[PDB]
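Engineer: Just to be clear, this is only the beginning of the complex, oriented as in the whole thing:
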Amino acid sequence: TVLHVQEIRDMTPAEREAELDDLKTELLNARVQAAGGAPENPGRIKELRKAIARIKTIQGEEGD
């Protein structure tokens, strides 16, 4: 639970974007991470991923 449609939906396209960019970035960070062998289990990892997910979701629907 968190963030959420509409709300985020008020996060105009421009943003919608930028917001994702980072989006990956972080995630991406997550990766290196793993391989690293340092950190542990990122429920986050997943999530994040998803969140982002939907993210687009809505967005698109929104009508791109």
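Structural biologist: Received the coordinates, thanks. Numbering: from 1, shown residues only, chains lettered A, B, ... in the order given.
Engineer: Can I get stretch A:7-20 as CSV, trimmed to CA atoms?
Structural biologist: Output in CSV follows, covering the C-alpha atoms of stretch A:7-20 (Å, rounded to 0.1, in the frame of the first residue of the first chain):
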residue,chain,number,x,y,z
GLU,A,7,-2.6,11.2,-6.9
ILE,A,8,0.3,10.1,-9.0
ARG,A,9,-2.1,10.6,-11.8
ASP,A,10,-2.1,14.3,-11.0
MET,A,11,1.7,13.9,-11.6
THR,A,12,1.4,15.3,-15.1
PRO,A,13,3.1,13.5,-18.1
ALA,A,14,6.4,15.3,-18.1
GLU,A,15,6.7,14.2,-14.5
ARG,A,16,5.1,10.8,-15.0
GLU,A,17,8.2,10.5,-17.1
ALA,A,18,11.1,12.0,-15.1
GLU,A,19,9.6,10.2,-12.2
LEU,A,20,10.1,6.9,-13.9
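Engineer: Residues in contact with that stretch: which ones?
Structural biologist: A:52, A:55-56, A:58-59, A:62, A:64 (CB atoms under 8 Å, 6 or more residues apart in numbering). Using the backbone N, CA and C atoms, a C-beta is placed for each residue, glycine as well.
Engineer: So which of the residues you listed sit within helices?
Structural biologist: Using DSSP state H to define helices, the subset of these located there is A:52, A:55-56, A:58-59, A:62.
Engineer: With distance to residue A:17 added, can I get the residues you listed in JSON lines?
Structural biologist: Putting the ones in helices among the contacts of stretch A:7-20 into JSON lines (distance: CB to CB, whole Å) gives the following:
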{"residue": "A:52", "distance to residue A:17": "12"}
{"residue": "A:55", "distance to residue A:17": "10"}
{"residue": "A:56", "distance to residue A:17": "10"}
{"residue": "A:58", "distance to residue A:17": "13"}
{"residue": "A:59", "distance to residue A:17": "9"}
{"residue": "A:62", "distance to residue A:17": "12"}
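Engineer: include chain B as well:
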Amino acid sequence: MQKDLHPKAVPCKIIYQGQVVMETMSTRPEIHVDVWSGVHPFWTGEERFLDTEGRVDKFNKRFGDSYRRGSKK
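Structural biologist: The block that follows adds chain B to the chains above:
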């Protein structure tokens, strides 16, 4: 389908077979052959809806040709 008439079909079938009669006019008949062949007409040049020429054969040909039921000359 490129061996018919256009103005109707007439191709195909054909169960021929010869024998040696000699019946009603005395005694009875006999049998033999067991083949199958063709049987049709011929085609001429015409035209329709921007060139096309047509084809179909005699009969029919004598018709529509004279007239034209989907395209004249």
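Engineer: can you check the contacts of stretch A:7-20 again with chain B included?
Structural biologist: By CB atoms under 8 Å, 6 or more residues apart in numbering or on different chains, the residues outside stretch A:7-20 that reach it are A:52, A:55-56, A:58-59, A:62, A:64.
Engineer: could the residues you listed go into TSV alongside neighbour count and distance to residue B:35?
Structural biologist: Formatted as TSV, the entries for the contacts of stretch A:7-20 read as follows, by neighbours: other CB atoms under 10 Å in any protein chain shown; distance: CB to CB, whole Å:
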residue	neighbour count	distance to residue B:35
A:52	17	77
A:55	19	77
A:56	14	72
A:58	16	75
A:59	18	75
A:62	13	75
A:64	8	71
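Engineer: Name the residues of the helix or strand hosting residue A:25 that come out as buried.
Structural biologist: Element membership for residue A:25, per DSSP states H and E: helix A:13-36. Within helix A:13-36, the residues that qualify as buried by neighbour count (16 or more other CB atoms under 10 Å in any protein chain shown) are A:16, A:23, A:27, A:30.
Engineer: mind putting the contacts of stretch A:7-20 in CSV, distance to residue A:2 included?
Structural biologist: Supplementary listing: the contacts of stretch A:7-20 in CSV, determined by distance: CB to CB, whole Å:
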residue, distance to residue A:2
A:52, 13
A:55, 12
A:56, 17
A:58, 15
A:59, 17
A:62, 20
A:64, 24
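Engineer: Looking at the residues you listed, which is nearest residue A:5?
Structural biologist: Closest approach between the contacts of stretch A:7-20 and residue A:5, by CB to CB: residue A:58, at 5.4 Å.
Engineer: quick one, what contacts the closest one?
Structural biologist: Residues counted as contacts of residue A:58 (CB under 8 Å, 6+ apart) are A:5, A:8-9.
Engineer: 6 Å instead, please
Structural biologist: Residues in contact with residue A:58, defined by CB atoms under 6 Å, 6 or more residues apart in numbering or on different chains, are A:5, A:9.
Engineer: Distance of the most centrally placed residue in chain A relative to residue A:29?
Structural biologist: Of all residues in chain A, the one closest to the mean position by CA atoms, centre = their mean is residue A:52, 2.6 Å from it. Residue A:52 sits at a distance of 13 Å from residue A:29 (criterion: CB to CB, to the nearest Å).
Engineer: Put this one in as chain C:
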Amino acid sequence: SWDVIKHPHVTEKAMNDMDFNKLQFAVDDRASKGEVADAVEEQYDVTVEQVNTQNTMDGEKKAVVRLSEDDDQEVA
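Structural biologist: With chain C added, the chains above now look like this:
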């Protein structure tokens, strides 16, 4: 379109590779010098140095970026 590259291919060589120069990694495979390089470029400070490529039977796509004469961080 979105993400970009992959992650930091890590190994005896590579380790020593990204070290001294260049930098070897897991490259989705898609993207090439072009589409490739970039990614690198945008992501990692230093610009479009150079590069070579490779894949294999495995899954991963091998890629390399010769150094910007600048940074890289031992452990990436």
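Engineer: With chain C now part of the structure, what is the answer for the contacts of residue A:58?
Structural biologist: Applying CB under 6 Å, 6+ apart, one finds that residue A:58 lies in contact with A:5, A:9.
Engineer: do that again at 8 Å, thanks
Structural biologist: Residues in contact with residue A:58 (CB under 8 Å, 6+ apart) are A:5, A:8-9.
Engineer: before we move on, what about residue C:5?
Structural biologist: Here residue C:5 is in contact with A:28, C:25, C:27-28, C:31, C:36, C:39-40, C:43 (CB under 8 Å, 6+ apart).
Engineer: And the strands in chain C?
Structural biologist: Counting by DSSP state E, chain C has strands at residues C:24-26, C:52-54, C:62-64.
Engineer: now the ones you listed as TSV including distance to chain A and mean neighbour count?
Structural biologist: Rendered in TSV, the data for these read as follows (distance: least, CB to the nearest CB, whole Å; neighbours: other CB atoms under 10 Å in any protein chain shown):
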stretch	distance to chain A	mean neighbour count
strand C:24-26	8	21
strand C:52-54	18	13
strand C:62-64	15	22
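Engineer: Dump these to JSON lines, plus distance to residue B:4.
Structural biologist: Formatted as JSON lines, the entries for the strands of chain C read as follows, by distance: least, CB to CB, whole Å:
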{"stretch": "strand C:24-26", "distance to residue B:4": "66"}
{"stretch": "strand C:52-54", "distance to residue B:4": "62"}
{"stretch": "strand C:62-64", "distance to residue B:4": "65"}
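Engineer: what about residue A:47, how many neighbours?
Structural biologist: The local packing of residue A:47 (other CB atoms under 10 Å in any protein chain shown) involves 13 other residues.
Engineer: for residue C:10, same thing?
Structural biologist: Under the neighbour criterion other CB under 10 Å, residue C:10 is assigned a count of 19.
Engineer: Then residue B:68?
Structural biologist: Neighbouring residues of residue B:68 were enumerated by other CB under 10 Å; the total is 15.
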